[PDB]
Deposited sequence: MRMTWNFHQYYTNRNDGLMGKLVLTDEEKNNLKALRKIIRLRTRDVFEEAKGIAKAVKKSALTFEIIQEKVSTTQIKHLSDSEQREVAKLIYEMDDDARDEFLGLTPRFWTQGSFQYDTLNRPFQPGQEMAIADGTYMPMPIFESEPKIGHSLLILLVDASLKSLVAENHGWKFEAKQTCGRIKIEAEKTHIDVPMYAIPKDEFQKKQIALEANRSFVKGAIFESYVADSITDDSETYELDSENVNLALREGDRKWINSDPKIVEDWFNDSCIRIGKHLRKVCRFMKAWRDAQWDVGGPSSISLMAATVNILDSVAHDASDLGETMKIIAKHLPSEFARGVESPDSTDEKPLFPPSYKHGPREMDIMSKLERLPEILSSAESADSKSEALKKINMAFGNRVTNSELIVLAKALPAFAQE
């Protein structure tokens, strides 16, 4: 016996894609959540700007400024955080205060929601994620921009915390690269990294955009929450463009197989396993260099599973040239975490082979479900090879 799994993988109702692709409820939910954060963040920034402009209008004391702060949504910060915001607004010099009054936060979602490879969570504790970056158009800087790193972080945190304060079952979490809202009961969290981008360039492109119906990566700076290094050059559009380009170059099946590999990962580890981006990059390298047939994703997945251990062993380069660190280290550097990852990857082609030569459709299903978990239950998707 030899079985074909193309329908197992791709059927949009009962097949693996049918089980991975977010429901409408889930997808509209994530969009509603993102919209809610965007609205509050713009509101919080206006409230702060309103105070700034009152300082510009007439020299207000520091005590008056603390008073005004305490009545805005910034009141959801800690009392030390609140006075920190008041101090920063009070201390801003004329140049910085003008720039701040010009600042309007802009938004852009990154990650799997944007790559369109966001899977429904499998194991308990696994969550849907969405990252919506907040971008701050400001003059080009080195060291520190006119509008402080500190002030920008506090206002974004104030936005998130004001939303948490309005929602039972929401929780705020501060991370090194973002603020986070988690809604455990909805298996959802939203990340908000903050970026500085050149203002003059942003304005120029925006005018052309509206007239005709991207920014220079080197000056896109990710804010870091702690440590000596407040900013780092990091442009999420690099990876985003690379992946979209890869999809065009390889074909529409690229997104499906990346979903399958992420689903494999979610089934093999409740927590941990290779990052999604290392799997996508390794898969892209394989499909770029190995002949395969998109009309049979059963066969294509066997090709992928066969070549992934070699990809990971030699180490997986980031498609972003400016990242020094690989997405995954080469063998001579592997510790326990990577060794565990190598063992799982080496097992995959064995699993897919045993499914292919199972005695029946029901056993073929059980065997391939060792790789992806028991999500697909309709064994009739599995057909005899011709």
### Query
Can you list the gaps, numbered from 1 on the deposited sequence, where no C-alpha is modelled?
1-2, 216-238, 412-419
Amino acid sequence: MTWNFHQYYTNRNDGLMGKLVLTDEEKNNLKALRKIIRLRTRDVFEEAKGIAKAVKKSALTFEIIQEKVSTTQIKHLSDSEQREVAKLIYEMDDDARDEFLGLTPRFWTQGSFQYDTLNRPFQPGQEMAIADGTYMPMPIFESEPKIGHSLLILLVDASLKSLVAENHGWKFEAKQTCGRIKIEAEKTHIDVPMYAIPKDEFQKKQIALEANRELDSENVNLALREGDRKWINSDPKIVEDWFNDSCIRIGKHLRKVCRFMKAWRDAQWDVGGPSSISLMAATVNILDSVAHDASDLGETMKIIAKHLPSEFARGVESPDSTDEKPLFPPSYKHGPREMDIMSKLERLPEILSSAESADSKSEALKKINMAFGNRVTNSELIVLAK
From here on, numbers count along this sequence of modelled residues.
## Note on the structure
With B-factors read from the PDB entry, the higher C-alpha mean of 307-315 and 197-205 is in 197-205
## Note on the structure
Taking the deposited Cα B-factors and averaging over 50-58 and over 343-351, the higher mean is found in 50-58
#### Entry: Peak C-alpha temperature factor (PDB record), options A282, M92, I250, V192
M92
### Query
Which of these has the highest Cα B-factor in the record: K256, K87, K161, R120?
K87
### Task
Report the third (lowest, middle or highest) to which the CA temperature factor of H168 belongs, ranking only the modelled residues of the same chain.
lowest
### Query
Considering only modelled residues of the same chain, in which third does the CA B-factor of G148 rank: lowest, middle or highest?
highest
### Query
Once the chain's modelled residues are ordered by C-alpha B factor and cut into thirds, is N369 in the lowest, middle or highest one?
lowest
### Query
Lowest, middle or highest third: where is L384 by C-alpha B factor in its chain?
highest
### Message
Among the modelled residues of this chain, does the Cα B factor of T41 put it in the lowest, middle or highest third?
### Response
lowest
